[PDB]
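For reference, the chain that follows is the form deposited in one PDB entry, supplied as structure tokens.
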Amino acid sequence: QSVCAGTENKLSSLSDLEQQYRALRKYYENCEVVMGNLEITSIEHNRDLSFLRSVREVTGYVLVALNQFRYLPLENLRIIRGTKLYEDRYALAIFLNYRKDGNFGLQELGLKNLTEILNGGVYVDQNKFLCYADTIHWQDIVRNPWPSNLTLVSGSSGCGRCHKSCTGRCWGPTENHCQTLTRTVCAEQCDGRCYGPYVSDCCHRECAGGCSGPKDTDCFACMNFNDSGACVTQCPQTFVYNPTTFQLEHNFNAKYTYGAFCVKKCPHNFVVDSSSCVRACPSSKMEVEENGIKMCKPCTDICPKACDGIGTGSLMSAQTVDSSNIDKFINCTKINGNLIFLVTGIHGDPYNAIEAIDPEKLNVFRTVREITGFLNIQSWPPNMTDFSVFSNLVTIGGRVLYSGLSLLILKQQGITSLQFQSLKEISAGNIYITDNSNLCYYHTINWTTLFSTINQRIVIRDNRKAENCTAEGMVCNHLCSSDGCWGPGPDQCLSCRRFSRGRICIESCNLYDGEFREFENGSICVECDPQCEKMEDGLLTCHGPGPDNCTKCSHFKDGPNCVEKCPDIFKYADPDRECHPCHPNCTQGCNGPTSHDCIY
């Protein structure tokens, strides 16, 4: 099935009515499952809405609220699930669709197939020119339809009656488009819905709207999980209980639950728990990976911090980081959810009495190593020229996306460089970085090396021209390799052509000079034992980290190592500073192998 996503504009619109229609085409054209709200706002009477005929299923509410069109082309819409409701009340709300100064408005509803509404109410009101809506048998369509669940129809003007073969229940004047009943007409021996009043013409209990036959694989839509064409309440799990032996046995038919479907495999960034795939593991268990599969198990005395992101957990009512919630990130290495920085968060929100963020408060994010969702930056304080607040970020999980994006940076004007250090992987989704007219270093990064699949891409346009950035000297350190870089400093490159120490790429190591001494390695140099002699003239003594590795030490020599003092049998130093055992009965001090050599 072709799957799109719904908008969250409700009654709001763009000031140009043609851009509002063009947006409606881009969101809902050539899809059949909406995965969100379906909402049609402020469309003119001359515009072509026939593209909406591909819609068959809506998971949120349907809203048709200020439009001037004559016919609503949704005749093949079968089911509305009501996941979110308009005003928290309604799954289908149709109102005010007429022009008060004339005769233009909504006259007929193309909803012949709308048979099941699983949650919320139905509201049809103030549609002055609407003809047949009070004849629709909404208590067959709506699940639990009684007045306390808000099922109501008011249009005020008169209109001609429909054909007699449909007995006063119609969508239009013709017998071809009138009411079908599948819940209030069924014989009392069957539950759910039917395709005829007879007991033999009733369908499976776990199917929605209607059916072609009695099977759980031969129905139009359902309120439960899709197990390979069958509609079922639960699907086979990893283990099944043996009622004779009182033990759990492994199930060769086991499937994982993922969204509305039962699957054999889950996404590479989702966690597998109790035969299902989830966006995050609960705080009582630690996330682990075995055989390439992410799972979680009960944690030890020290566990990962239970720190939530925007839109999930304790912050579900929030749509941005702001002055009322930024303190929750003070001690936080892993944020479970999104990071979203809007204009109403950075600069405050006077309507809700929320103050602006003090730029110093943004330092709470310097501890973060992982984001499980996406990072979305639309506003950042004017005084800040970079993102060095996130220098320690290692990866973006991308388990949830913003319009398919996992990293999104829009229209920042005070920014000149990115300044990340630790970021290595962006595990899912695309990158969108645009309109940053003063940002330079973006053209020096091999962005493909951050992705976990060839299906991930980056979009860049309208940032500072690379030829101007080079001409102005806004370039990376001379040690940087072809992998790329994101700032002027020796620590700002992804990988370098010489040695390194800590976070800084370097020209040479402290091998033959310095107050401390190092040994060579593949792309880094590391200090050896502090006892090791600091020899001159290129005569390097560090060849590995171990006390046993050093070729000459200033302290007392022994077999496995050197020591500042030898063991108390007592061992005594020779003229070459090597320690040798004394007499077996001497422990206090000595200068020789026999009894008269013992010293106190």
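Throughout, we count residues from 1 along the sequence that is shown. Only the largest set of C-alpha atoms that superpose within 1.5 Å between the two forms is called the rigid core.
Here the subject shifts to the form deposited in another entry, a form of this protein not shown in this document.
Chemist: Core-aligned, between the shown form and the other one, one residue among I445, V240, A260, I504 moves its CA by 2 Å or more. Tell me which.
Modeler: The listed residue whose C-alpha shifts by at least 2 Å is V240.
Chemist: Kindly check if the Cα atom of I302 is displaced 2 angstroms or more between the shown form and the other one relative to the superposed rigid core.
Modeler: Yes, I302 moves 2 Å or more.
Chemist: For a quick test of reading the superposition: does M286 move by 2 Å or more at the CA between the shown form and the other one, rigid core aligned?
Modeler: Yes, because once the rigid core is superposed, the C-alpha of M286 moves 2 Å or more between the shown form and the other one.
Chemist: Is the shift of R89 between the shown form and the other one large enough to count as movement, that is, does its C-alpha move by 2 Å or more after the core is superposed?
Modeler: It does not, since the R89 C-alpha is displaced less than 2 Å between the shown form and the other one after the core fit.
Chemist: Given a change of 3 Å or more, say if the Cα atoms of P560 and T587 sit closer or farther in the other entry than in this form.
Modeler: Farther apart, which means the C-alphas of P560 and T587 are at least 3 Å more distant in the other entry.
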